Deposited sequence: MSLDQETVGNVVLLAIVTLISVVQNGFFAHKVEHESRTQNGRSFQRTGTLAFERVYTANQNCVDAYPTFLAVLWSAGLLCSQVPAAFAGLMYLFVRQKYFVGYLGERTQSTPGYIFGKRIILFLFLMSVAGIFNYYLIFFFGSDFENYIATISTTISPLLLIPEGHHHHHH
């Protein structure tokens, strides 16, 4: 439905987003598998093995929207390629963090990657305003010249 130009600005971000979706499903798969090691309803408490996978998942899930926000913020406002690479790095950290709970690491992981993607977005927004104000200064500059050189055209 969308044009070829704007999809080229998101394609790398979309690929890394799709990889994270596969990863999320893998995490969910691990939880469900560990849930059926117990034998009728789904509970959020259980054996030590289940509680470690469930909590690990819970941490990964709690940080997903934030990661998704900064990834796309960095990719669209600043630059796509670096943001997508840092996005991939976050996924590799998640993978090692999630398996790291399988005997424990802390509640938060990949703080610096979130920070880096956040910084890019700040730089991108500042880069947006710099180009906007330069555009309005160029517009005012041409408008001032036009009124000044106006009678000289007649």
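According to the record, the deposited residues with no C-alpha atom in the structure span 1, 41, 106 to 110, 162 to 171.
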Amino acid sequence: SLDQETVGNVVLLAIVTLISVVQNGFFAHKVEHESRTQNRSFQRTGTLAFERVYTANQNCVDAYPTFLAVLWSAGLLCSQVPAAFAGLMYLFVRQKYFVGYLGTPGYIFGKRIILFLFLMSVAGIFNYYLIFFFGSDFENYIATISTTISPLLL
From here on, numbers count along this sequence of modelled residues.
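According to the PDB record, 137 to 145 carries the higher mean C-alpha B-factor of the two stretches 8 to 16 and 137 to 145.
Stretches 21 to 29 and 126 to 134 differ in mean CA B factor, with 126 to 134 having the higher one. As recorded in the entry, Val99 carries the highest CA temperature factor of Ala69, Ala86, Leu115, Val99. The PDB entry gives the largest Cα B-factor of the residues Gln43, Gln95, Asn57, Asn39 to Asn39.
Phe109: CA B factor lies in the middle third for its chain, per the PDB record.
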